[PDB]
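Form deposited in one PDB entry, single chain, as structure tokens, below.
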């Protein structure tokens, strides 16, 4: 059982400025509910009980949201159940040096165990099938190796994401042969894009500590995974469910509008 889920939330969110100068992008609402809460509910379903959060300058709002306070009830029951059932842990990333560096800072909260990772700006809704992390948690029980979530996208979208090169194993399961962070579409090894959902074995921490800066001069978890994938097998998983890239303004709006209609 993967008991810990690490949530990186120390990124600038330069694109949602000026509000991200105070409110982490992971705290932005889809209308009435922050991205991070959906992520937490997801991790819970997957079986996690310890939500480890890596924070930046804007630690306050994130931390206060998950601390004790006070169809109203309806709106507050889930966050209340979250606060009661989960143990929240926090560590501060001293400098914005990349996603990989964030996860490496998170070592203080994880220790020597495989663990889950959720990039909250990727809102994944699947409510017909188990949550995305849960799908991967079940896969992990069989494979016992790092797992990276993937989705087919248009080549025109590739330069925004990590892209793999994999060899089919079973339905929707690939053994990652190679990975590249944000390639030009001409250089993209496939249309299989990485999404903010991973299950990582702890040897990943030692690998991160020796992973140099890459794309945008940031320590990328992609390069660490590429290294791991060349020492032993790690898999990529085409999850079932809907994903909105809320790290993008386009995705943020479409998720908000979708929710609005659902609310009807």
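Between two forms, the rigid core is the largest collection of C-alphas that superpose within 1.5 Å. Residue numbers count along the first chain shown, from 1.
Averaged over Cα atoms, the B-factor as recorded in the entry is higher for 74-82 than for the other of 74-82 and 92-100. A summary of the deposited B-factors shows that, of 60-68 and 23-31, the stretch with the larger mean C-alpha value is 60-68. For the set 105, 112, 185, 146, the PDB entry puts the maximum C-alpha B factor at 185. For the set 170, 151, 181, 122, the PDB entry puts the maximum C-alpha B factor at 170. Sort the chain's modelled residues by C-alpha temperature factor and residue 197 lands in the lowest third, per the entry. Among all modelled residues in its chain, residue 211 ranks in the highest third by Cα B-factor. Sort the modelled residues of the chain by CA B factor and residue 4 lands in the lowest third.
Among the modelled residues of the chain, residue 130 sits in the middle third by CA temperature factor in this PDB entry. When the modelled residues of the chain are ordered by C-alpha B-factor, residue 10 sits in the lowest third.
Absent from the display: the form deposited in another entry. The rest refers to it.
Annotation: the position in 120, 158, 149, 102 displaced by at least 2 Å at CA between this form and the one not shown, with the core superposed, corresponds to 158.
Core-superposed comparison between this form and the one not shown: CA of residue 134 displaced by less than 2 Å. Shown in the overlay between this form and the one not shown, fitted on the rigid core, is a CA shift at residue 215 of 2 Å or greater.
Comparing the forms between this form and the one not shown, the C-alpha position of residue 178 differs by less than 2 angstroms, with the core used for superposition.
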